[PDB]
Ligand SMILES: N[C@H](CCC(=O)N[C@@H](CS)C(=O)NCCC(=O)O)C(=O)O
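Consider the single chain below, provided in structure tokens and representing the form deposited without this ligand.
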């Protein structure tokens, strides 16, 4: 539990076994210290920064997270259908306006689109004040670590099967994890639904990609288990090598494409020029099934996510009131500054709130608000646990917080729901902020959880 209290020489032994297991099972990324490692496979590898042993996490809250996956998949789909709400909700960012311009084009064009799909991830923290599972992000596009998360389950299970009796820990409390398998399953099923067995899956990847093995592992599952071919291209390669055939088919680099799996294009930095925007548009207009579509990408935007957490909004996209209960239970309170909602703007207890754009804490929060002569939200107070953190072959102790991402997969064809699944998980673990760490990284370490 307090892993800091385990004998140092024993910890070295466990760390050595982890570094071994990591290499044998490709828990590896290109080393950012090595020049070509985000471009040339096979060179400059290092194990992922990782937490040695999983931190605890209540089984009741784990289950709540499980339950919510398919309910989130369905919300994301319904919200994406409401073009007017998306357009109306979304003033000043250039990138979001560029995405809205594509969405507006699609609204104009008004093409059928019977087949829709998502590979998404809802991220949660446990909150100490309330003792509640709270959602901190909904990731609707290009979500990573389906392989990484499920290799971490493999690792932690392996370590606990050897060192756990002594430690009083049982590997069967690390939840089972099928994430990467479920990912490729959803892509394979969408490729089948399209029913063009001559087509490949296109994966859209970044120019520099030191997590390329995850994507190759997927393509491998596609090739070997599912018998589907795939190709990888950057948005600019697509602009250069892509076109729409007479029947609407996407063709890239000579190959018919039935599914566009995005592992890029979620960030402004992936669109350095008009080339990348042309590609995004081309692909959206074509008949290929996108994973996901532009309206889905819009749904995970910050402003949309904030909107849904306001009074009665969520309630426009969900009719099952048990689902609305479960959703609202994981939503951190959020408010418009104006009216205040019942004037909890009247704030005396600013330690309990946060202001966010579309952050301001404590006293700065209190001043800002002044009883006025961007939104207000419930402050979250995370759980801490003593971790062992292993990075570039070395280890140290740290007190950390953790954020559990629960993947969802979804696939439908008209009104037929083909997949709507909780699809495994990942965990991101970070040194506290009350210690030498904070928020300012390379992006913590990977982890799992230990139920209850």
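Heads up, when I say rigid core I mean the largest set of C-alphas that superpose within 1.5 Å between the two forms. Numbering follows the first chain given and starts at 1.
Chemist: Which fits the stretch between residue 358 and residue 359: none, 1 to 3, 4 to 9, or 10 or more deposited residues lacking coordinates?
Modeler: According to the record, 4 to 9 deposited residues lack coordinates from residue 358 to residue 359.
Chemist: Zero if continuous, otherwise a range: how many residues of the deposited sequence are missing coordinates between residue 90 and residue 91 (none, 1 to 3, 4 to 9, 10 or more)?
Modeler: The entry has a gap there, with 4 to 9 residues left out between residue 90 and residue 91.
Chemist: So, looking at the entry's B-factor column for Cα atoms, which has the higher mean, 11 to 19 or 430 to 438?
Modeler: That would be 430 to 438.
Chemist: Tell me which stretch, 421 to 429 or 25 to 33, has the higher mean Cα B-factor listed in the entry.
Modeler: Per the PDB entry, the higher value belongs to 25 to 33.
Chemist: Determine which member of 196, 158, 177, 80 has the highest CA B-factor, using the values in the deposited entry.
Modeler: Largest recorded C-alpha B-factor: 196.
Chemist: Could you check 251, 96, 211, 234 and tell me which one carries the biggest Cα B-factor in the deposited entry?
Modeler: Most elevated C-alpha B-factor of the set, per the entry: 96.
Chemist: Residue 413's Cα B-factor: lowest, middle or highest third of the chain?
Modeler: Residue 413: CA B-factor falls in the middle third of its chain.
Chemist: By its CA B factor, does residue 47 count among the lowest, middle or highest third of the modelled residues in the chain?
Modeler: Its C-alpha B-factor, which the entry lists for residue 47, ranks in the lowest third among residues of this chain.
Chemist: Which third of the chain does residue 246 land in by C-alpha B-factor: lowest, middle or highest?
Modeler: Middle third, going by the recorded CA B-factors of the chain.
Chemist: Based on the entry's values, in what third of the chain does the Cα temperature factor of residue 297 lie: lowest, middle or highest?
Modeler: Its C-alpha B-factor, which the entry lists for residue 297, ranks in the lowest third among residues of this chain.
Chemist: By the record's CA B-factor, is residue 149 among the lowest, middle or highest third of residues in the chain?
Modeler: It falls in the bottom third of the chain.
There is another form of this protein, the form solved in complex with this ligand, and it is not shown here; the text below is about that form.
Chemist: For a quick test of understanding: in the bound PDB entry, does each of 115, 296 and 416 have a heavy atom within 4.5 Å of this ligand?
Modeler: No, the whole trio is out of contact, none within 4.5 Å by any heavy atom.
Chemist: Heavy atom within 4.5 Å of this ligand in the bound PDB entry: which of 275, 178, 251, 96?
Modeler: Going through each option in turn, the one that passes is 178.
Chemist: Between 331, 266, 85, 317, only one gets a heavy atom within 4.5 angstroms of this ligand in the bound PDB entry; which residue is that?
Modeler: By the 4.5 Å criterion, the partner-contacting residue is 266.
Chemist: Heavy atoms within 4.5 Å of this ligand in the bound PDB entry: does residue 211 have any?
Modeler: Looking in the bound PDB entry, residue contacts with this ligand include residue 211, since a heavy atom lies within 4.5 Å.
Chemist: Would residue 151 count as a contact of this ligand in the bound PDB entry, using a 4.5 angstroms cut-off between non-hydrogen atoms?
Modeler: Yes, contact at 4.5 Å.
Chemist: Considering non-hydrogen atoms and a 4.5 Å limit, does this ligand approach residue 144 in the bound PDB entry?
Modeler: The answer is yes: residue 144 has a heavy atom within 4.5 Å of this ligand.
Chemist: Quick one: is residue 290 in contact with this ligand in the bound PDB entry, heavy atoms, 4.5 Å cut-off?
Modeler: No, no contact at 4.5 Å.
Chemist: Given that the partner is absent here, state which listed stretch (234 to 242, 180 to 188, 338 to 346, 106 to 114) has heavy atoms within 4.5 Å of this ligand in the bound PDB entry.
Modeler: Of the options given, it is 180 to 188.
Chemist: For the stretch 20 to 42, which residues lie within 4.5 Å of this ligand in the bound PDB entry by non-hydrogen atom distance?
Modeler: Heavy-atom contacts within 4.5 Å come from 21, 25.
Chemist: Which is the one residue in 98, 210, 366, 173 whose C-alpha moves 2 Å or more between the shown form and the other one, relative to the superposed rigid core?
Modeler: Only 366 moves by 2 Å or more at its C-alpha.
Chemist: Would you say whether residue 303 is displaced between the shown form and the other one, judging by a C-alpha shift of 2 Å or more on the superposed rigid core?
Modeler: No; residue 303 is a residue whose C-alpha shifts by less than 2 Å between the shown form and the other one when the cores are overlaid.
Chemist: My question is whether residue 247 is one of the residues whose C-alpha shifts by 2 Å or more between the shown form and the other one, given a fit on the rigid core.
Modeler: The answer is no; the displacement is under 2 Å.
Chemist: Please state whether residue 262 has a C-alpha shift of 2 Å or more between the shown form and the other one, with the rigid core used for the fit.
Modeler: Not so; residue 262 is displaced by less than 2 Å.
Chemist: Have a look at residue 215 and residue 441: in the bound PDB entry, are their Cα atoms closer together or farther apart than in this form, given the change is 3 Å or more?
Modeler: Compared with this form, residue 215 and residue 441 lie closer in the bound PDB entry.
Chemist: Do residue 437 and residue 446 have their C-alpha atoms closer or farther apart in the bound PDB entry than here, with the shift being 3 angstroms or more?
Modeler: It is closer: in the bound PDB entry, the C-alpha atoms of residue 437 and residue 446 lie at least 3 Å nearer than they do here.
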